[PDB]
Each structure stands twice: as structure tokens, then as C-alpha cells.
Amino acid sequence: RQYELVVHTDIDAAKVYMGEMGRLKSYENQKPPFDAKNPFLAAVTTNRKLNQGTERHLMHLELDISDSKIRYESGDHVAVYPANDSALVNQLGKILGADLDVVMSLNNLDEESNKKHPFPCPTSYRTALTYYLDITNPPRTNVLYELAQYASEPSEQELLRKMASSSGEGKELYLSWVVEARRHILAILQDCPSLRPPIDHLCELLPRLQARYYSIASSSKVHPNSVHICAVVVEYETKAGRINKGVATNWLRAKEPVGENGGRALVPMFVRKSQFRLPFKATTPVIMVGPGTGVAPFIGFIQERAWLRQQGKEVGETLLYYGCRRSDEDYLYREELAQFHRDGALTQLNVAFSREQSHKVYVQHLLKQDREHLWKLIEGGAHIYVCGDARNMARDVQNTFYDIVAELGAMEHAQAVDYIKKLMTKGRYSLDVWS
């Protein structure tokens, strides 16, 4: 293997990593500048449910970045370093028969390699499994390959070797049993009970736990010391009778701004600058298209435009094309948006309720029905913004704008594609999409 295990049975607490991503004790002793290697532990001052229904859980969080010296603008992204569910970590230690509180270091057998450890060391297995390792996504075939040797029941070792192989049936089994069934490492250990790998080897095989990004839902002109997040919690039942939970969203959902014994809920974070930005001149009109959580950056945009108007500045038309399933189920920021509309901050609030009728009604349907005014605004130099689903929504919306320009612009499709692409090059058509 790549690393050798060195158990530290009597190490000083001050020398042990407890979840920090960079320098030892950086989470506890916070000093600017804060960035990816030195994230700021922001206190969660607000964590509230946005949706009216109970089908899903959509939440709004406000992270206190006071005294961090962190600067951000609406449109930027905030990254958070999450922690795995403690109950899941406990189950892994139990099924493996391992003492999770053992502190150790995994050191590269190649003493010349720049990669001295697989994650911050020395640290305990509990800490590694909680903050440094991905224990929820389906293990890659290579992991299964190395794990097979530790399954003492021949049939189980055979199963693991088969799914890790390049055989025809092996690939289909891996696809169905691991990937599609969304079996995480614990699920595999439970379903192949003879599998008993040493915990240190497992820690060398698993991928690192990654930061998750969110579109900041606040304007720094209004909340210079707070970064807001709008997110939908990931939680689903698998085809293997299990309930899988998204790591970052369930971790955030559990962040209690209070917590007995006091204790403020802290979220390690940093800001990643984007090119998604409101027009330099407040008088320039904006067309925002963001269904679902895609409305996130636009809550900040509108907050900013409203603030500017409140200051006494002249602000151009500000239009929002939002969408949700049902008005009384998942209409995010319904109250806030209604107020922005009533006060004049939001010139138009066009909402597509996709499941309030037998057929689908999406934002692009509303865009097309507003083709005349949108063309006028576009010809006038308006900026278009699209945020949300990159799979279908973004493409469907782009095609709708193609058609609008093609029709109202009295030009051929190709000429319309060129027209829109020139808007993108000139920074007048921006996208912030994800899968």
C-alpha cells in the first residue's frame, strides 16, 4: 500500500488534528486572511425552513462573518467544509470492530513524495471519518478491488472481485448493486458481513470529503457581515431499502444557532469569487431566471437593487422569472419577494407553478409569453441571468431566448444563436448552473 500506519498511543492533545483542513489549530485560533486553506468558522445566526409543505426541506441560513474581513458580492459562491453524520461514523467503527478514538498518522512509504499523508495527521479515525473522508458516495471499483481480500466468506469475496472486474456481468453488477443502488461503504459492509478490513487501510482507500458550494443569497451592500444560503436538503430512499442523506445539507440542517449549554453552531467556510454580477450601472435593466433553489443569487440581486432604490439611486427594471411546484408547497421567499414587488424593487415577479395543473408550466413558458417586453429590454442593453439546473432548464431557457430574438428580431435561427452568443461574450448573458 501507499502509506504505513504509525499509532500514537500517548500524543499531546495540542498536536492532534480535530477537523481543520489546513494548519493545526487554525479552526480554534482564527486569524485573517481567511480562505480555502484557512476557512472562517462562521456562526449560524439563522437556520429556518422556507417551504410551506413537508414533501422536502428547503432552508435559509445566515452565516455571521463579522470580524473575518471577508469581502463578497451578490453572485459569488460560498464554500463550506461539512462533517459526516456522527451516527454513521459510529456505525462504521462498530461494524469494523475498531476503536475510532485511536490517534494515528498514515505516512507515505515514499519519503520523498510531497503527499506525506492522505489527510491531516496525526488525527483519530473518528476525526478522519467525520471531516476528511467521503463515506457516503458509492465506492469506486478500485476500492472494491482492494477490499475483496478482507471478505472471509468466499461468495462475498467473489462478489466484490466480480464487481471490481472488467467482465461484462461484473460491470452490470457494479452499476446495479453499487452505483444505482447508491450503496455507500457502510451499506457494502452490512450486505457483505464477512468483510472486515483494517480501518487504517480503509482510511487510505476512501476519497477525501469535498467542500460544497452554494450561491450566496445576500447582498454585501445590505449584509456585509452575513452570508446567506438557500438550499434544498438531499434525502432519499435507495433501491436497497436504505435512506441516504446528503452530507452538507443534512449537516447544515442540523446546525442549531443555539444549542443548549450555549455553544454557537459554526460552519467552516470561504468565498469563491465568480463572474456572475449585477450591471455596473444600476439603471441597466436585469432579467433573472432562476427556478427552485436557482433563485438563490437573485435574492441577493433584488436585495441590492432594493437597497439602491432605498438610498435614493435610480434603478432600472428588475424582472424575476421564478418557478416552483406549488404555491403552497415550495414557493421560496414568497413573503420577501411579494414585499420587494409591492415596494417596487421587483418590477415584475413572474412565477411558474409547475404542478398546479395537469401539464407542466415552467419559467420558459412565461418568458415566451413575455417575448415582446423581453426583446425590448434586451435590445435596450438589459443583462440576462440564468441560475439553477444545468441539465435541462438552462438549455431550455437558452433555446427560448434564441426563439424570442429570432422572432422579434426578424432574423434566422443561426443569426439569433450568434446574437445571444455575442451577449455572452459581452457579459450580458450570464449563467450559474449546477447539477
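Residue positions are given as counts along the sequence shown, with the first one as 1.
Student: Mean C-alpha B-factor higher for 418-426, or for 19-27?
Tutor: Per the deposited B-factors, the answer is 418-426.
Student: With reference to the PDB entry, specify whether the mean Cα temperature factor is higher for 87-95 or for 257-265.
Tutor: The entry gives the higher C-alpha B-factor average to 257-265.
Student: Name the residue from 245, 242, 212, 117 with the greatest C-alpha temperature factor listed in the entry.
Tutor: Among 245, 242, 212, 117, the highest C-alpha B-factor in the entry belongs to 242.
Student: Going by what the PDB entry lists, where does residue 60 fall on CA B-factor within its chain: lowest, middle or highest third?
Tutor: CA B-factor rank for residue 60: lowest third.
Student: Within this chain's modelled residues, let me know which third the CA B factor of residue 174 belongs to: lowest, middle or highest.
Tutor: For residue 174, the deposited C-alpha B-factor lands in the middle third.
Student: Classify residue 125 as lowest, middle or highest third according to the C-alpha B-factor given in the PDB entry, relative to its own chain.
Tutor: Residue 125: CA B-factor falls in the lowest third of its chain.
Student: Splitting the chain's C-alpha B-factors into thirds, which one does residue 45 fall into?
Tutor: Within its chain, residue 45 is a lowest-third residue by C-alpha B-factor, going by the deposited values.
Student: What third of its chain, lowest, middle or highest, does the C-alpha temperature factor of residue 75 fall into?
Tutor: Answer is lowest: the recorded C-alpha B-factor places it there.
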